[PDB]
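Below sits a lone chain in structure tokens, taken as the form deposited in one PDB entry.
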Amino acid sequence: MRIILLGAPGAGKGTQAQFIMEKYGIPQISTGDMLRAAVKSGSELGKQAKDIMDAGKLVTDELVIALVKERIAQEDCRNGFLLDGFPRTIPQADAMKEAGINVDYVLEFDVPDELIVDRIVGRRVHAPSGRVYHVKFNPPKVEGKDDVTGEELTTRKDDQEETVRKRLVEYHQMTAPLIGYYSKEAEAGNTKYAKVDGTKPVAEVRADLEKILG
């Protein structure tokens, strides 16, 4: 199974990708997690992307496309994969299309801009792994600790109010047009398209997705 998750920053994509990975056994391919992993490892990619990300802007299409193409050529993606935060622009979607890469499902996460800024305030992450929590809506079992390692949680650098509002403007400008892009592909029968109400609690969005994916 091949799946694309669409939605504004903070709409709940990474949270729901982990259930899909658990249930259907396909790797979560999150370009944000890979880029942050590149920073964590000190790679040349990490050196090129760090300042762009901190500014809340999008990394060059050509770089992220090469990143994804190498990632999905790996053996754990042979039987499917979930794309989380990619494609992010029309050129990234056309690059995948011209490469012959079709996906089975496109899932849009619908969340108003107003909830997102308040939501991202309480976002806490196990920075090594990228596991994501919320202090109110999806807390860890132990306040301030990762459920798996017991390591202290942190707050992403780009999750401050000002950066989050920069990211939302980039989303509506560059990314929101992918809604019509993959709706057109679905009408041509090249994928299934579905939209979920991301304002609901995590358990209800999860249930909604299970009905769609089976």
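Counting begins at 1, following the sequence as shown. Basically, rigid core = biggest C-alpha set you can superpose within 1.5 Å across the two forms.
Higher-scoring stretch by recorded Cα B factor average, 84-92 or 106-114: The stretch with the larger mean CA B-factor is 106-114.
Segment of higher mean CA temperature factor, 177-185 or 41-49: Higher mean C-alpha B-factor in the PDB entry: 41-49.
Criterion, highest CA B-factor; candidates, 33, 161, 151, 62: Highest CA B-factor of the listed options: 161.
Modelled-residue ranking by C-alpha temperature factor, third containing residue 120: Highest third, going by the recorded CA B-factors of the chain.
Residue 168 - Cα temperature factor, lowest/middle/highest third of chain: Ranked within chain, residue 168 CA B lands in the middle tercile.
Relative C-alpha B-factor of residue 54, binned into the chain's lowest, middle or highest third: Tercile = highest for this residue's CA B-factor.
Residue 18 - Cα temperature factor, lowest/middle/highest third of chain: Ranked within chain, residue 18 CA B lands in the highest tercile.
Third of the chain's Cα B-factor distribution that residue 198 belongs to, per the entry: Its C-alpha B-factor belongs to the highest third of this chain's values.
One more form of this protein, deposited in another entry, exists but is not displayed; see below.
Threshold 2 Å Cα movement between the shown form and the other one at residue 132, rigid core reference: For residue 132, whose C-alpha is compared between the shown form and the other one after core superposition, the shift is 2 Å or more.
Large Cα shift (2 Å or above) at residue 144 between the shown form and the other one, core-fitted: After core superposition, the C-alpha of residue 144 moves 2 Å or more between the shown form and the other one.
Rigid core fit then residue 28 CA moved by 2 Å or more between the shown form and the other one: After core superposition, the displacement of the residue 28 C-alpha between the shown form and the other one stays below 2 Å, so no.
Cα separation of residue 33 and residue 113 in the other form versus here, shift of 3 Å or more: Pair moves farther apart in the other form.
Residue pair residue 84, residue 127 - Cα distance in the other form, closer or farther (3 Å or more): Relative to this form, farther apart in the other form.
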